[PDB]
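Report on one structure; see the data block that follows.
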Amino acid sequence: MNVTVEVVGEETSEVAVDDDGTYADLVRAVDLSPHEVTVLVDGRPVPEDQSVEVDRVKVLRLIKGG
């Protein structure tokens, strides 16, 4: 699903995640994002099974390289 991710530096960006477990993740796995960024989710205890299985993660703008 859609989750707000803290981008290294300034401001906050929105990136798609796959660990969420929702339908959005299924399509996300095909990498259909114009930004093309790497999103990772830390295995931490959270009540995401209450309403809207969402998770907050960190993502860097574009791919890491040059």
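Naming scheme: A, B, ... for chains in displayed order of the structure tokens; residues 1 onward per chain; ligands 1 onward as shown.
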With a distance cut-off of 12 Å and only C-alpha atoms, select the neighbouring residues of residue 65 (chain A), excluding the residue or stretch itself and same-chain residues fewer than 4 positions from it, and output the selection as a VMD selection string. chain A and resid 37 60 to 61
Those residues with C-alpha atoms, as a PDB file, in the first residue's frame please?
ATOM      1  CA  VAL A  37      13.690   3.416  -5.344  1.00  0.00           C
ATOM      2  CA  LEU A  60      16.506   7.093  -0.934  1.00  0.00           C
ATOM      3  CA  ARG A  61      15.632   9.114  -4.056  1.00  0.00           C
TER       4      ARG A  61
END
Show which residues sit within 12 Å of residue 42 (chain A), as an mmCIF file with N, CA, C and O atoms, in the first residue's frame. Count only C-alpha atoms, and ignore same-chain residues fewer than 5 positions away.
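Result file is result.cif:
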data_model
loop_
_atom_site.group_PDB
_atom_site.id
_atom_site.type_symbol
_atom_site.label_atom_id
_atom_site.label_comp_id
_atom_site.auth_asym_id
_atom_site.auth_seq_id
_atom_site.Cartn_x
_atom_site.Cartn_y
_atom_site.Cartn_z
ATOM 1 N N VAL A 17 5.700 0.045 -0.974
ATOM 2 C CA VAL A 17 6.356 -1.062 -0.277
ATOM 3 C C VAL A 17 5.784 -2.419 -0.698
ATOM 4 O O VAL A 17 4.682 -2.498 -1.243
ATOM 5 N N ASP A 19 6.566 -5.362 1.573
ATOM 6 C CA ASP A 19 6.397 -6.085 2.836
ATOM 7 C C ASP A 19 5.004 -5.864 3.445
ATOM 8 O O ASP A 19 4.558 -6.661 4.272
ATOM 9 N N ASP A 20 4.331 -4.774 3.050
ATOM 10 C CA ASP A 20 2.997 -4.446 3.575
ATOM 11 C C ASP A 20 2.072 -5.670 3.592
ATOM 12 O O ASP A 20 1.321 -5.868 4.549
ATOM 13 N N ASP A 55 3.063 0.418 6.865
ATOM 14 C CA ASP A 55 4.335 0.463 7.578
ATOM 15 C C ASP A 55 5.178 1.655 7.128
ATOM 16 O O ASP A 55 5.209 1.992 5.943
ATOM 17 N N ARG A 56 5.875 2.280 8.077
ATOM 18 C CA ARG A 56 6.735 3.421 7.770
ATOM 19 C C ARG A 56 8.170 2.942 7.563
ATOM 20 O O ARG A 56 8.734 2.256 8.416
ATOM 21 N N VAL A 57 8.743 3.287 6.414
ATOM 22 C CA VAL A 57 10.101 2.869 6.077
ATOM 23 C C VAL A 57 10.916 4.009 5.467
ATOM 24 O O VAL A 57 10.370 5.052 5.113
ATOM 25 N N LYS A 58 12.227 3.800 5.353
ATOM 26 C CA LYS A 58 13.121 4.812 4.784
ATOM 27 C C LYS A 58 13.488 4.455 3.346
ATOM 28 O O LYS A 58 13.748 3.291 3.033
#
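Residues lying within 8 Å of residue 22 (chain A), counting only C-alpha atoms and ignoring same-chain neighbours fewer than 4 positions away, are residues 1, 18, 26 and 53 of chain A.
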Going by DSSP on the backbone, which residues of chain A come out as strand (DSSP E)? List them as a PyMOL selection string. chain A and resi 2-6+12-16+39-40+57-59
Residues just named, written with N, CA, C and O atoms as an mmCIF file, in the first residue's frame:
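Output saved as part.cif:
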data_model
loop_
_atom_site.group_PDB
_atom_site.id
_atom_site.type_symbol
_atom_site.label_atom_id
_atom_site.label_comp_id
_atom_site.auth_asym_id
_atom_site.auth_seq_id
_atom_site.Cartn_x
_atom_site.Cartn_y
_atom_site.Cartn_z
ATOM 1 N N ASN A 2 0.218 2.424 0.077
ATOM 2 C CA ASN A 2 0.930 3.700 0.089
ATOM 3 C C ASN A 2 1.367 4.060 1.507
ATOM 4 O O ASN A 2 0.553 4.080 2.433
ATOM 5 N N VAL A 3 2.661 4.327 1.670
ATOM 6 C CA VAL A 3 3.223 4.669 2.974
ATOM 7 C C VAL A 3 4.263 5.782 2.859
ATOM 8 O O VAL A 3 5.064 5.801 1.922
ATOM 9 N N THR A 4 4.250 6.703 3.822
ATOM 10 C CA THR A 4 5.202 7.809 3.826
ATOM 11 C C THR A 4 6.576 7.316 4.267
ATOM 12 O O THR A 4 6.706 6.657 5.302
ATOM 13 N N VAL A 5 7.594 7.625 3.471
ATOM 14 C CA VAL A 5 8.953 7.202 3.776
ATOM 15 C C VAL A 5 9.878 8.399 3.966
ATOM 16 O O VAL A 5 9.824 9.367 3.203
ATOM 17 N N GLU A 6 10.736 8.328 4.979
ATOM 18 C CA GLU A 6 11.674 9.408 5.250
ATOM 19 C C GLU A 6 12.882 9.293 4.331
ATOM 20 O O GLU A 6 13.656 8.337 4.422
ATOM 21 N N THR A 12 10.060 14.751 3.225
ATOM 22 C CA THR A 12 9.610 13.361 3.278
ATOM 23 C C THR A 12 8.957 12.969 1.952
ATOM 24 O O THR A 12 8.163 13.730 1.397
ATOM 25 N N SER A 13 9.303 11.786 1.444
ATOM 26 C CA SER A 13 8.756 11.309 0.174
ATOM 27 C C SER A 13 7.843 10.105 0.374
ATOM 28 O O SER A 13 7.879 9.446 1.414
ATOM 29 N N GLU A 14 7.029 9.818 -0.637
ATOM 30 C CA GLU A 14 6.115 8.687 -0.586
ATOM 31 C C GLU A 14 6.592 7.592 -1.533
ATOM 32 O O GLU A 14 6.744 7.822 -2.734
ATOM 33 N N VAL A 15 6.837 6.406 -0.984
ATOM 34 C CA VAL A 15 7.308 5.277 -1.779
ATOM 35 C C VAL A 15 6.446 4.042 -1.532
ATOM 36 O O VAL A 15 5.882 3.870 -0.449
ATOM 37 N N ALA A 16 6.347 3.182 -2.545
ATOM 38 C CA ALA A 16 5.555 1.966 -2.443
ATOM 39 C C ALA A 16 6.364 0.842 -1.806
ATOM 40 O O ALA A 16 7.562 0.709 -2.052
ATOM 41 N N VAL A 39 12.981 0.213 -1.199
ATOM 42 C CA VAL A 39 12.293 0.347 0.080
ATOM 43 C C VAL A 39 12.469 -0.908 0.932
ATOM 44 O O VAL A 39 12.210 -2.024 0.475
ATOM 45 N N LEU A 40 12.914 -0.721 2.176
ATOM 46 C CA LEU A 40 13.122 -1.841 3.089
ATOM 47 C C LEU A 40 12.289 -1.670 4.356
ATOM 48 O O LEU A 40 12.098 -0.550 4.834
ATOM 49 N N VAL A 57 8.743 3.287 6.414
ATOM 50 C CA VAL A 57 10.101 2.869 6.077
ATOM 51 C C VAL A 57 10.916 4.009 5.467
ATOM 52 O O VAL A 57 10.370 5.052 5.113
ATOM 53 N N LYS A 58 12.227 3.800 5.353
ATOM 54 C CA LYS A 58 13.121 4.812 4.784
ATOM 55 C C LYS A 58 13.488 4.455 3.346
ATOM 56 O O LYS A 58 13.748 3.291 3.033
ATOM 57 N N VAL A 59 13.504 5.461 2.474
ATOM 58 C CA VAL A 59 13.835 5.251 1.067
ATOM 59 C C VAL A 59 14.662 6.409 0.513
ATOM 60 O O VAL A 59 14.406 7.572 0.825
#
Helix (DSSP H, G or I) per DSSP on the backbone: members of chain A, as number ranges by chain: A: 23-28
In Å to one decimal, how far is CA of residue 30 (chain A) from CA of residue 66 (chain A)? 23.7 Å
